Amino acid sequence: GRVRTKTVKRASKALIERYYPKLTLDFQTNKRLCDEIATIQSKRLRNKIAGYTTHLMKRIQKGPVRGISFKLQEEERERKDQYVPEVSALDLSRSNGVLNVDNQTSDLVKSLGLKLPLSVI
Amino acid sequence: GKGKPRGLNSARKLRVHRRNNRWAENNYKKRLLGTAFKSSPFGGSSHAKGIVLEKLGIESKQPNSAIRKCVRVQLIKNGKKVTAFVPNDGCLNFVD
Amino acid sequence: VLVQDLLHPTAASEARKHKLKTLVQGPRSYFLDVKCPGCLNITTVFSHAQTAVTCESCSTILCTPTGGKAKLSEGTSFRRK
Amino acid sequence: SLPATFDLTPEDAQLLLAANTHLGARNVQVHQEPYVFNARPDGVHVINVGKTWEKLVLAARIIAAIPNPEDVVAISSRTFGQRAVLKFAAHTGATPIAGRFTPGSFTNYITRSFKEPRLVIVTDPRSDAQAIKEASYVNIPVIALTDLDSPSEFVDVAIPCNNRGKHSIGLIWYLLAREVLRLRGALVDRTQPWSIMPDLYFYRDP
Amino acid sequence: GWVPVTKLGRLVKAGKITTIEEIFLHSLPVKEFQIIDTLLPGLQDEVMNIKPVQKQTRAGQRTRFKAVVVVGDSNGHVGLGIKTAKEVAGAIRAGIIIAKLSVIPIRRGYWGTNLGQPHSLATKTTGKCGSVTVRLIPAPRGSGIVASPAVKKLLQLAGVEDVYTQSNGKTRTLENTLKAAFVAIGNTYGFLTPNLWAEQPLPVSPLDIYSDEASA
Amino acid sequence: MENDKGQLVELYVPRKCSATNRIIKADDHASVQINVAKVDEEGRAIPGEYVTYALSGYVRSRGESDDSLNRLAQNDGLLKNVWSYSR
Amino acid sequence: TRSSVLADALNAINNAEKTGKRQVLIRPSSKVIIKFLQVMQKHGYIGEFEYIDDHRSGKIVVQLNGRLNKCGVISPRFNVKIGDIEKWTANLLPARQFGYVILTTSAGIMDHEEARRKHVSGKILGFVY
Amino acid sequence: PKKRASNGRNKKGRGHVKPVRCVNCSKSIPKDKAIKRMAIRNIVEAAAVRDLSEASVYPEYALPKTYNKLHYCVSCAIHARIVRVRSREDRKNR
Amino acid sequence: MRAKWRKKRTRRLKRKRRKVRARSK
RNA sequence: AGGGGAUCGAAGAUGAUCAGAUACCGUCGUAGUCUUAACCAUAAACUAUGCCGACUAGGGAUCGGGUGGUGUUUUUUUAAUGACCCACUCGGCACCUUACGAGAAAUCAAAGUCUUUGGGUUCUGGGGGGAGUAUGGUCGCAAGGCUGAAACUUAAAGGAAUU
């Protein structure tokens with residue numbers, strides 16, 4: 001088969017998680033980039049890592065998959081985390097100013113401090 | 001209650017059970033039945049005299065091989081036949 | 001439960017538990033007041049009568065025997081004691 | 001004892017009522033939690049709001065009593081509360097360990113994920129029972145978001161709750177963060193509500 | 001070069017915690033033998049024997065050595081270590097480490113004289129690890145240690161003077177007998193002597209007060 | 001533990017669990033020490049003024065620790081009404 | 001059927017203490033049972049015990065403290081004497097510094113120490129510590 | 001030793017159960033001990049209904065089924081792969 | 001050998017011994 | 001000792017397979033298998049777990065009985081009578097997660113409350129063979145059933161789990 005060895009896999013993921021602005025989608029240029037940066041003893045080894053990084057770039061251009069954190073995944077995490085779509089969070093709204101509950105909950109609330117608009121049916 | 005009588009008046013039952021169960025011991029049964037005094041060739045004696053009938057050459061048991069060079073004797077006091085093995089080395093020729 | 005009050009537990013618990021399992025053993029049954037149609041003839045009967053008890057002066061059956069509580073007549077009046 | 005300010009306020013009361021927090025599990029229920037109030041004919045049990053509120057205030061006192069905030073450990077295994085515990089950590093220091101919990105972090109010191117707490121606010125005892133065992137082996141007090149069907153084993157503080165649905169768990173997490181923040185003193189006005197919408201705690205389905 | 005991973009290691013290295021009683025009262029978990037041999041410099045090691053265990057493999061029988069080791073000064077501390085290792089020296093060292101990490105206080109006591117120093121266990125104690133039941137009973141002054149050689153060495157290393165020991169089961173299992181004695185020696189504190197019936201103020205764990213020196 | 005001379009004898013003075021008066025073992029590895037901070041008329045917890053509850057591992061193993069803690073808080077005034085003797 | 005009222009009750013208290021409960025209920029409700037309970041109470045091994053008195057045998061509800069480690073009963077009430085009471089106490093008790101052996105002497109119900117103080121003995125009921 | 005909590009099968013408090021004969025090997029086994037398979041098949045095999053429809057008198061109709069209960073003994077079931085041996089832990093399921 | 005067949009051989013030997021004793025007496 | 005004797009079917013008769021097959025495989029086939037009047041008193045007759053009584057973590061389902069449902073349906077849309085659903089209880093067959101505990105482990109809510117040793121009580125066993133044998137008694141038409149050794153020999157016979 002052509003299963004990638006865990007060492008080249010670790011090297012590829014380390015490259016991806018660090019050098020996203022450096023990494024591109026063209027094989028030759030990022031292979032030369034790996035030649036400059038990654039100190040690899042053997043040409044076949046470094047070429048295999050470059051090919052694996054190209055495949056990973058092609059795969060994750062569509063979207064994140066697993067354990068990458070490529071300096072933009074956490075950017076998206078910290079940006080698309082506070083949505084707060086106004087009063088559409090199902091609290092004291094989306095009704096006629098009343099809370100629709102059951103009979104037992106209604107007796108519960110009036111036994112408590114109440115101060116709530118019960119709508120037991 | 002551990003499957004045993006525990007009442008203050010069950011001493012007879014406990015003693016009967018103890019008497020029945022004691023027979024399983026080899027020493028108890030041998031001492032009371034006197035098998036050493038009737039079935040044992042020595043008749044309960046530590047030592048016994050006899051006369052030599054003929055030699056014997058029984059072989060060895062597991063893992064080993066030797067001719068033990070033993071001797072058959074007849075006890076005068078009992079009249080029975082006994083097999084004995086000389087303890088020391090090279091005394092079969094000494095025994096006549 | 002580490003701590004619970006066996007002195008005065010909840011009346012609901014004492015009611016749902018069996019009669020012999022309460023603090024004080026007592027009969028959960030009770031007697032009945034029955035009025036016969038036509039003439040009153042007031043008398044006291046017991047819930048699990050186990051007999052076809054009739055009026056002391058009329059042929060009307062006060063209640064019918066059953067395994068549990070004895071079934072009372074439809075026309076007879078039912079009253080708690 | 002409290003200075004008459006930690007009571008059942010109407011706003012949180014209606015929030016809990018609208019979040020369906022009082023609706024519990026089915027007929028299965030451990031006798032160790034007598035917080036159940038009656039039982040609806042359908043099969044859902046009712047949990048009284050006052051018991052829940054007192055449990056939240058007690059858990060907040062436990063959390064605030066810890067001197068170093070990062071000793072607080074919040075872990076969730078179900079996907080419904082990952083963002084909730086994340087926001088709780090972001091607002092109250094601590095460290096979020098949401099996702100899949102690696103065993104041996106609390107006991108074994110070889111792993112790089114070692115962090116010994118002073119208390120844990122484990123959400124679901126059934127799914128995070130391994131974390132419960134680790135906290136027991138390393139002697140960490142346990143605060144558990146228990147439910148009627150959830151086990152009550154190795155639980156110092158029990159939070160009556162409906163562990164199904166993002167809304168209820170996110171709302172109670174936000175409330176807990178709010179009152180522990182008030183206890184810590186960042187929110188000077190205990191009567192005034194937090195100036196943060198509780199919708200941030202609930203996670204996004206897609 | 002210590003770099004204690006645990007916070008208690010930093011606390012003890014700072015000199016804040018000095019006596020083993022401080023950690024033993026609160027039952028704080030310990031994971032380093034350096035802590036134990038720091039607060040108890042007087043611990044002495046002893047090894048009973050070396051068991052040559054074997055395990056069948058594909059083309060032979062791999063041989064390992066099980067080392068049974070005890071430690072603890074004769075002042076109220078004992079510890080036992082069991083470890084299987086490829087080499088006897090490594091097995092002995094690892095057993096020493098485990099025995100250091102497994103220190104347990106012993107409740108001493110008086111036979112009923114109330115005249116001098118403690119010389120025996122407070123109450124009769126029992127311990128079973130497997131099918132061996134080691135029983136310890138208080139003994140009068142001058143009786144001495146009456147047990148197997150291994151149990152006698154363990155109790156002398158503990159520091160008691162007079163004891164009465166009775167064993168049931170397959171005493172041939174030396175490790176099992178030592179573990180049963182360990183169980184009994186740890187359980188001797190479980191008895192509620194009437195001197196403990198008084199209610200004392202409840203202390204607080206050291207880390208809450210000394211969180212400033214912790215971690216960091 | 002005391003002798004005729006009156007000096008203190010034996011070390012390791014042990015504690016007992018608040019729920020059940022059973023001595024906590026040194027080798028025990030299933031028990032915790034709960035502590036509750038106290039506020040003073042402002043909602044702010046004063047450091048160092050916490051009350052301490054001792055909880056053994058056996059009640060934890062039996063799963064009764066939550067009920068024990070509620071009872072202790074209600075008795076000490078830390079709590080008002082969740083715990084009822086009648087139950 | 002029912003054989004030893006004291007044994008069944010003492011087993012009930014032992015099981016309750018093993019469970020950890022702070023109270024227990026005694027069904028048979030025998031006079032020796034109330035005497036045993038007074039013996040525990042006057043020495044502090046138990047707390048407060050009350051006797052539900054119906055028009056039947058009755059029951060007992062007793063609150064326990066974490067001070068009773070083990071209570072046991074010697075079903076065959078042997079006629080112990082002055083000489084063997086010391087050996088019986090040594091065998092039953094973990095130590096002579098604490099623990100009490102209760103016995104019916106001519107005077108009534110008390111522990112071994114009080115019985116030796118009064119120089120009386122009798123049948124032996126059980127041990128408590 | 002005790003390989004199973006249930007010795008032979010679900011027979012507790014009953015004792016003797018009327019026996020039945022195996023379908024193939026004709027071995028007598030207790031009725032509860034027989035591995036019973038509720039085989040509900042069709043008297044027309046697969047890929048044959050299409051050919052059997054248009055070549056049948058009257059439109060649609062027919063479409064019947066066969067239903068047989070097979071009592072396989074332990075040995076026959078093992079040989080015919082009706083039930084397969086598994087691990088110790090997997091025994092407790094269902 | 002199986003205990004059942006050993007027992008059967010024992011019964012056969014017992015029958016033979018009983019027959020021998022009967023013919024002797 | 002009688003009736004019946006349809007299938008199956010020890011003995012047996014054949015034909016296969018095999019160096020040998022008196023068996024496994026194919027076909028017949030007596031006693032037996034079924035029923036009446038009497039013996040047989042046995043088994044892996046197992047739940048390899050004695051009977052009675054008190055206590056001890058939970059959960060669901062099921063059988064029989066009992067009680068309450070501003071419950072459903074069946075009826076005469078609605079009384080009865082039933083059949084269902086909710087809650088409780090007693091007595092059983094049992095089942096599931098765990099171990100406060102027990103056990104050498106397999107496992108056990110009893111095999112727990114037994115070295116912190118005692119609820120009452122009956123029976124059985126003291127290394128493996130000899131041997132459940134011989135003999136002495138007893139029952140039975142018979143085969144056999146109950147009680148039940150000794151001489152002699154051996155240092156391992158065994159139980160649970162691991163590679």
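Residues numbered from 1 in each chain as written, not as in the entry; some residues may be left out. Chains lettered and ligands numbered in written order. Part of a larger assembly, values for the part shown. Heavy atoms only, no water. Residues with missing side-chain atoms left out of burial classes, pairs and counts.

- As deposited, the entry is annotated with cryo-EM as its determination method and 3.4 Å as its resolution.

**Section: the overall build of chain C**
Piece 1. When helices and strands are counted, chain C shows 1 helix and 5 strands.
Piece 2. What you see in chain C, going N to C, is helices and strands ordered as α-β-β-β-β-β.
Piece 3. Projected onto its principal axes, the C-alpha positions of chain C cover 60 × 20 × 20 Å.
Piece 4. Classification of the 81 residues of chain C by burial places 23% in the buried group.
Piece 5. Looking at chain C as shown, the accessible area adds up to about 5400 Å², and 61% of this sits on carbon and sulfur atoms. (Helix = DSSP H or I, 4+ residues; strand = E, 2+ residues; numbered from the N terminus. Buried < 20%, exposed > 50% of the residue type's maximum accessible area, 1.4 Å probe, protein only. Areas by Shrake-Rupley, 256 points an atom, 1.4 Å probe, with all protein chains shown as cover.)

**Concerning the interface of chain D and chain F**
Piece 1. Each partner contributes to the interface: chain D provides 32 residues, whereas chain F provides 36 residues.
Piece 2. Mapped onto the side of chain D that touches chain F, the elements with two or more residues apiece are α2 (49–65), α4 (129–137), β7 (157–158) and α5 (166–184) of chain D.
Piece 3. Looking at the side of chain D that touches chain F residue by residue, the class counts come to 18 nonpolar, 7 polar and 7 charged. (Contact = heavy atoms within 4.5 Å. Nonpolar A, V, L, I, M, F, W, Y, C, P; charged D, E, K, R; others polar.)

**Looking at the protein's contact with RNA strand J**
Piece 1. Surveying the vicinity of RNA strand J reveals 71 residues, the closest of which are C:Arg16, C:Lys21, E:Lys128, G:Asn15 and G:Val73.
Piece 2. The contact atoms of RNA strand J, taken as those within 4 Å of the protein, divide so that sugar and phosphate hold 82%.
Piece 3. Between RNA strand J and B:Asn26 there is a distance of 3.2 Å, counted from a phosphate oxygen to a side-chain nitrogen or oxygen.
Piece 4. Within the backbone of C:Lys69, an N or O atom sits 2.8 Å from a phosphate oxygen of RNA strand J. (Near = heavy atom within 4 Å. Polar contact = N/O pair within 3.5 Å; in protein donor to acceptor, adjacent residues only side chain to side chain.)

**Quick look at the sheet that holds strand β9 (residues 163–168) of chain E**
All names here are of chain E.
Piece 1. A sheet is described by the order of its strands in space; here 3 strands give the open sequence β7-β8-β9, paired in antiparallel fashion. At either margin of the open sheet sits one strand with a lone partner, and together these are β7 (125–128) and β9. Here the strands of the sheet are splayed against their neighbours by 15° on average, with no regard to which way each runs.
Piece 2. In this sheet, strand β8 (residues 133–138) lies alongside β7 in antiparallel orientation, the contact comprising 4 bridges. When the bridges of β8 are listed, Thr125 appears paired with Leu136.
Piece 3. On the sheet, helix α6 (residues 174–187) packs against β7 and β8 and is oriented at approximately 140° with respect to β7. (Pairing = 2+ DSSP bridges. Axes fitted to C-alpha atoms, helices over the stretch in contact; angles between N-to-C directions.)

**Notes on the pairing of strand β1 (residues 31–35) of chain C**
Residues and elements named next belong to chain C.
Piece 1. Note that β1 and strand β2 (residues 43–46) share 4 bridges and pair antiparallel. Bridge pairing links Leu32 to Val45 in β2.
Piece 2. Direction of pairing for β1 relative to strand β5 (residues 77–80): antiparallel, over a ladder of 4 bridges. Bridge pairing in β5 places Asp33 opposite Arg79.

**Topic: unusual backbone geometry**
For residues other than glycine, phi is negative in most cases, and the peptide bonds are mostly trans.
Piece 1. Phi at F:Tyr12 is positive, roughly 60°, even though this residue is not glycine.
Piece 2. With respect to the helices and strands, F:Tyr12 occurs in the segment before β1 (32–39).
Piece 3. F:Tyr12 gets classed as buried once you look at its relative accessible area, which sits at 4%.
Piece 4. The phi dihedral of H:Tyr61 is positive, around 65°, even though this residue is not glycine.

**Observations concerning a nonpolar patch on the surface**
Piece 1. Taken together, B:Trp23, B:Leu32 and B:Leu33 make up a surface patch of nonpolar side chains, about 280 Å² in accessible area.
Piece 2. Residue classification places B:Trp23 among the partly exposed residues on the basis of a relative accessible area of 36%. (Patch = residues over 30% accessible without salt bridge, like charges linked within 9 Å, V, L, I, M, F, W, Y side chains within 5 Å. Salt bridge = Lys/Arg side-chain N within 4 Å of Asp/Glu carboxyl O.)

**Examining the pattern of salt bridges**
Piece 1. Under the criterion given, the structure shown has 25 salt bridges over all chains.
Piece 2. Measuring nitrogen to oxygen at the nearest pair gives 3.1 Å for the salt bridge that ties A:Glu74 to A:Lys71.
Piece 3. For A:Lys71, a relative accessible area of 56% puts it in the exposed group.
Piece 4. Salt-bridge contacts for D:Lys166 lead to D:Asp205; the nearest nitrogen and oxygen are separated by 2.5 Å. With D:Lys166 in helix α5 and D:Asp205 in the segment after α5, the pair connects residues that are 39 residues apart, well separated along the chain.
Piece 5. Judged by its relative accessible area of 19%, D:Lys166 is buried.

**Some points on helix α3 (residues 43–62) of chain A**
Residue and element names in this part refer to chain A.
Piece 1. Over its 20 residues, α3 extends 30 Å from the first C-alpha to the last, a length consistent with the 28 Å expected when each residue adds 1.5 Å.
Piece 2. Within α3, the full set of buried residues consists of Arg46, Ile49, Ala50, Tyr52, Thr53, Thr54, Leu56, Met57 and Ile60.
Piece 3. Where α3 is buried, its residues meet α1 (6–18) and α2 (27–37). (Expected span 1.5 Å × (residues − 1).)

**Examining the nonpolar core**
Piece 1. Counting 68 residues, the largest nonpolar core has D:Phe88, D:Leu119, D:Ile121, D:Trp173, D:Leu176 and D:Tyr201 as its most contacted members.
Piece 2. Discounting residues that sit within four places of it in the chain, D:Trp173 has contacts with D:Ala74, D:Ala84, D:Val85, D:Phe88, D:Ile121, D:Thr123 and D:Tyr201.
Piece 3. By size, the runner-up hydrophobic cluster in this structure holds 37 residues, among which are G:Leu6, G:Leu10, G:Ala16 and G:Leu37. (Core = buried A, V, L, I, M, F, W, Y, C linked by side-chain atoms within 4.5 Å.)

**Some points on the environment of B:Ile58**
Piece 1. Its place among the elements puts B:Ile58 in the loop between β1 (50–56) and β2 (70–75).
Piece 2. With residues up to four places along the chain from it excluded, the contact list for B:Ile58 reads B:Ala66, B:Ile67, B:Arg68, B:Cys70 and B:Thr83.

**What to know about the side chain of E:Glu175**
Piece 1. As for its position among the elements, E:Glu175 is in helix α6.
Piece 2. With near-sequence residues (within four places) excluded, E:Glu175 lies in contact with E:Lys51 and E:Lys66.

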